[PDB]
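Reconstructed Cβ throughout: ideal geometry from the backbone, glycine too, with neighbour counts over all protein chains shown. Rule-based calculations on the coordinates, nothing more; no lab input.
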Amino acid sequence: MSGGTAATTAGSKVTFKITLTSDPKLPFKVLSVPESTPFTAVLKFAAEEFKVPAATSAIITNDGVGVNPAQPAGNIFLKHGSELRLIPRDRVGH
């Protein structure tokens, strides 16, 4: 079949993998978007699956880096890649 891809593939795009590190559950989230899409939209789609507010939530990495929704998807994948995690901000700015 032509045009029957279960995963969204447009051509030049970066894949993101976010899991819940603060909660006991670890529902992985796959976000396939182009470098044009900023991390603000990426964190939004991830927070949508986690059932949490993206405005008051930050994205850390599997190593231990609190990445913020400001850089573009291309820069986020270039810096870390697909190792990401969702964490709710408790104080002003995490």
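Brief remarks on what is shown
- The chain: antiparallel DSSP beta bridges as a percent of all, rounded to 5: 75 percent
- Debye, to nearest 20: dipole size of the chain, +1 on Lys, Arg Cβ, -1 on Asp, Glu Cβ: 80 debye
- Taken along the Cα-to-beta-carbon direction at a fixed 7 Å, the label points for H94 and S12 span 3.0 nm.
- Length added when fully stretched, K25-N62, from 0.36 nm per residue minus Cα-Cα: 11.8 nm
- Rounded to 10°, Cα long-axis angle of helix 39-50 versus longest principal axis of the chain: 80 degrees
- Across the chain, C-alpha contacts under 8 Å between residues 6 or more apart give a mean separation that, scaled by the residue count, equals a relative contact order of 33 percent.
- Three-way shape label, the chain, alpha-carbon gyration tensor, a/c 1.5: prolate
- Under the shape rule built on the C-alpha gyration tensor, where the axes satisfy a ≥ b ≥ c, the range 45-84 is prolate, since a/c reaches at least 1.5 and a/b is greater than b/c.
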